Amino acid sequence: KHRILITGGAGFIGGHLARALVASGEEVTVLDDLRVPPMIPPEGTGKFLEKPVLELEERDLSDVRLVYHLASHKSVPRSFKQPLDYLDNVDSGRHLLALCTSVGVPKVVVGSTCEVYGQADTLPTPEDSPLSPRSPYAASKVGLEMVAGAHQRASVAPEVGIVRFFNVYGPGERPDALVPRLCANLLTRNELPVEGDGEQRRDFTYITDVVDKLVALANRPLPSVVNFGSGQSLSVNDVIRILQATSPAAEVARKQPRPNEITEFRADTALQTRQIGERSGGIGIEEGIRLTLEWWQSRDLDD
């Protein structure tokens, strides 16, 4: 048992993770059914299984020591329109963890999200805070966590760790998320869309930092649940500001607010710091946005 399998491994976090592990000398399998088109063609990320997580089989796992489960439907606003489709997130986790148990896979990292906290009543938000999902997507991640929790309580393989990602951004991320949306809109429309008043706040972490942290989990005991966030929040307006510092001509296009909007996500990082320590560096928001925008600038206008 030596291979790493990454579900969602053609997508934004999973593709970067796959590339870093292959760059490190690891034997990597990516599993991804390409149900959303990847920004970056999958080439170079290892053996590729182009199927749903639900079609994973025993033999796909037979030499696998570690799984990163990152395959998800991940859109908060769209989950209000296709709520039943989001049940696939629960089905897939139930299937994956069942198969890992029957085969004896040693470790699984399960991707979850700060959205399971809803609007938390404790800021910064610690991992023991209760669950208050405000969308069908968030509800589906709560379901996925419940499945993983049962495996955590069971005294059988895999060791299962839940990672609650806060907002991750960077090159390669599709433009339905804030930073890339703003970039893609700034470039094709000279517009910076703001949904609602823009006072709502998110905790942003740059993709390379998140990948470094995920890799640090490959060779340490997994915490049952850990926040991956920066520990600081910024308003949508703060991000807008940073971009207009770059493009003063940009027009802010007011959009309609989201339903059940969350005013602030902010990670408590004490557990993260303890389990995986912290490195000096890390990409600040100014630089991260710039690197993201530059990446978008190297994309052909049609995009």
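Counting begins at 1, following the sequence as shown.
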Once average C-alpha B-factors are taken from the entry for 210-218 and 183-191, the winner is 183-191
Once average C-alpha B-factors are taken from the entry for 15-23 and 287-295, the winner is 287-295
From 243, 36, 53, 66, the top C-alpha temperature factor is at 243
Max C-alpha B-factor within the set 238, 60, 32, 268 falls on 238
Sorting the chain's modelled residues by C-alpha B-factor and splitting them into thirds places residue 160 in the lowest
In terms of its chain's C-alpha B-factors, the third that includes residue 91 is the lowest
Here the Cα B-factor of residue 115, set against its chain, lands in the third termed lowest
Of the three thirds of Cα B-factor ranks in this chain, residue 128 occupies the middle
The third of the chain into which the C-alpha temperature factor of residue 253 falls is the highest
